[PDB]
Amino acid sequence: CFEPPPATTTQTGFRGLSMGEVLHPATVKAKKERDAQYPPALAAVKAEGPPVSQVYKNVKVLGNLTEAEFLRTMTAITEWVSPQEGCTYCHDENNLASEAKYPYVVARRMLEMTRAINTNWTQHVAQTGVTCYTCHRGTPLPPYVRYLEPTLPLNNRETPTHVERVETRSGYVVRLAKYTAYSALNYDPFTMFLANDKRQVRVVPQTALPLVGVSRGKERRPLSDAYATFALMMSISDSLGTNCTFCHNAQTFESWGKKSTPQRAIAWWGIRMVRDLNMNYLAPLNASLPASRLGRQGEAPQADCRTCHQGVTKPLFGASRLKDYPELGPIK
């Protein structure tokens, strides 16, 4: 039922506004240990010889690197993505330039994607950056991905019960609830807000009185839109292991300035970045993946806030490999 004291608390607003984080030490310790498994950086190698664009035969992304640098990248990629499977997960044993295995081509675009993240989305990932480990956590299928319909469990490393299985229709309401921090909110915030940029998440007017021309009948957005973004926010809060107060002063959810924290701005950029990643990198991969990876509508697994953050306000408590692997961004 309950969690024993004490509680660690933080302050995020003026004294008296009851704004901050309320964390259970046990839980933070568990998440810290889980994230500490992040493999250390491989030793640096000194750049010798020609670029690998002139030695190997099929390198299009990492051609700038020397041979020792490049091979260091490959063992890091293996450590982060397919530690248990090894090099052969992406390669033919006797033709390292063969693209015959689907992980090879995906890995190529994953390289372009994570380089893109560390260059174009610094407004969100800052100096920390992301590596393949950030999402994959040492397996080829990342533990926390989303389809166009909600699935349980959130961690696809756990085995589903019969009700949790997506084809069992009696368990839809529960699949949806566990995505929105257990609320009865009847909206899937991922397909509404994170899969593409079609929908606006802001819903509350920026004037005291209702503007004539947007305020009556079919001119009005339905109230469901307000439910929907509540759901998205519940889901965001859960994905980072935090509450509304981390980003908002509930006195006015719609206001910035003194009514918001810098983390709200960063979260704003995170929405934009997740939309880019889904629309332009992860969603088109249904052409390149086997049918066992796709969802029930031929969709590839896509990313949300949880994919990186996994219940922590910074992914892996801020661990970074950025300076250790320049090849992964930012690129001038």
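In case it trips you up, residue 1 is the first one in the sequence shown, and so on. Rigid core here is just the name for the largest C-alpha set that superposes within 1.5 Å across the two forms.
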Between 46-54 and 30-38, the one drifting more in C-alpha RMS in 8 other deposited structures of this protein once the core is aligned is 46-54
For the C-alpha atoms alone, is the average B factor greater in 267-275 or in 56-64, going by the entry? 56-64
Would you mind comparing 93-101 and 139-147 for me and telling me which has the higher average C-alpha temperature factor in the entry? 93-101
Taking the chain's C-alpha temperature factors as the reference, tell me which third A319 falls into: lowest, middle or highest. middle
When the modelled residues of the chain are sorted by Cα temperature factor, does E167 land in the lowest, middle or highest third? highest
Split the chain's modelled residues into thirds by Cα B-factor; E158 lands in the middle
Record-listed C-alpha B factor of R34: chain third: middle
In terms of the CA temperature factor given in the entry, to which third of its chain does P189 belong: lowest, middle or highest? middle
